[PDB]
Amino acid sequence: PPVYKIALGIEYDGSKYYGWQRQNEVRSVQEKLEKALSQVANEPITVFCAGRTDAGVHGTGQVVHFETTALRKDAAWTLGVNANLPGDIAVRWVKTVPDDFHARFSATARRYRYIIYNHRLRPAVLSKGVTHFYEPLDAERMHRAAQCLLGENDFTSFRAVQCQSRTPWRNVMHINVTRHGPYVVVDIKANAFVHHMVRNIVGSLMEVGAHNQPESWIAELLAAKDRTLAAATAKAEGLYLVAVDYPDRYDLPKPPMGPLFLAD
């Protein structure tokens, strides 16, 4: 019998999990998703994701694929999986895909949104889904300071010591910093990311926005190539994986990025 390969759009609140990746030590998003899919499929299912997210990080645009011998209507993979999942994980859509699709290796870019709540006093609504930053932030100054990161660049100054890639070079396709009321949102897209690149970049933009560092400091850090000179890694709770690019031949759905009320 045929082995079907299926892609899913997954959303999750990452606050009650210890990251995406399944392992034998702590609760993960992947384990809950695999248990729900196996219930529907009536066999053990293994999923492969576009981008693993660390503990506390959320997703609206995560994509996975899996193989199954189970033939089913689209309802099974959407309503059925969601009925079996906890309330903080959900399928957004299902698409059957060709055998040559791979949620990680077919992807050509990933995009993240980082949500900062900027006030002296901490927030209570979505408290583990926003990062509280105490001192006032100048979002326009952060925006202008971030534009130098566009294109192919050596991201050694924003790279964690644990990254195992052998090159620190990546291509940032866009970067935007905007204020929405008391919130400051960082939107960044690249082909791929070195370990903790997004949160490292946000951590330093935060020092520029608070006026602890100049507007040209990001250009300066980039040029100086040393992660010890850059700001501490920003907290996990404001980060969302919001979109993954794939070739148009796969025709995957593209529902709103969000999180929540933000526009595409």
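Position 1 is the first residue in the sequence shown; the rest follow in order.
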Comparing 249 to 257 with 8 to 16, the higher average Cα temperature factor in the PDB entry belongs to 249 to 257
Looking only at C-alpha temperature factors in the entry, 236 to 244 or 20 to 28, the higher average sits in 20 to 28
Max C-alpha B-factor within the set 125, 83, 103, 71 falls on 71
Note to self: of 117, 77, 158, 114, the C-alpha temperature factor tops out at 158
Temperature factor at the Cα of residue 166, chain-ranked in thirds, falls in the highest
Residue 134: CA B-factor among chain residues, third -> middle
Among the modelled residues of its chain, the C-alpha B-factor of residue 214 falls in the third labelled highest
Residue 42: CA temperature factor from the record, placed by chain third, in the highest
Chain-relative C-alpha B factor for residue 204 (record values, thirds): the middle
